[PDB]
Structure formats: C-alpha cells, structure tokens
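First up is the structure itself, then whatever we jot down about it.
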Ligand SMILES: *[C@@H]1O[C@H](CO)[C@@H](O)[C@H](O)[C@H]1NC(C)=O
C-alpha cells in the first residue's frame, strides 16, 4: 500500500488472511 | 473433528478476499434510500431532498 513515487516512498504492507502473531519469518488487526 | 473444505482450499494456494463493503454499510445505504423515498418521495434523487 503506497502512494505515488513522485509524492513519497513510504510503504505499508498487508499480510492477507493471517494475524500478525505468526507473520515474522504499529500493528493493526483487520478482517 | 474433521478437516474442513475451507482449509483444503486455502492450503493449496486458493484464497478468498473479503468484500470492501460490509453488510452493515449495505444496510445503512438501504436505510438511507428508504428514509429518502418515504420522507421526500422522488425529490431526493433529483437534487436536494
Ligand atoms: C489470531 O487473530 C485473532 C484476531 O485478532 C485473535 O483472536 C487470535 O487470538 C489470534 N491468534 C493467536 C494470537 O494465536
């Protein structure tokens, strides 16, 4: 999830279908 | 109990994405349409209610 590269280079990632207590190989829980 | 079909579907690389609008937002849109068509008639679709 990024805006345009002419505006900014900040990145937000979404791990689909799993909770963030198992994702490692600002934390928000979503459906 | 037993392994579900949803786990077998997900475990083989096939996922299902959720819709953008939940059922509560669809219900709120329907409530707005009913309130407009009851209180105002057809005037809320042509501009101001
Ligand atoms: C997985 O995420 C759900 C939803 O936040 C949570 O209820 C559940 O406890 C999580 N599982 C863990 C932390 O093992």
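Residue numbers (full-length UniProt numbering), protein chains in the order written: chain A, 598 to 622, 641 to 646; chain B, 845 to 893.
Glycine is no exception: its CB is placed at the ideal position from the N, C-alpha and C atoms.
query	result
Residues near residue 610 of chain A by beta carbon distance below 8 angstroms, same chain, minus five either side	598
Euclidean distance between Cα positions of residue 873 of chain B and residue 893 of chain B	16 angstroms
Neighbouring residues, chain B, relative to residue 613 of chain A (Cβ below 9 angstroms)	859 and 861
Integer-rounded CB distance, given that residue 646 of chain A should sit under 8 angstroms from residue 862 of chain B	6 angstroms
Residue 616 of chain A: CB within 6 angstroms of a non-hydrogen atom of ligand 1	yes
Delimiting residues of the alpha helix (DSSP H) encompassing residue 882 of chain B	867-883
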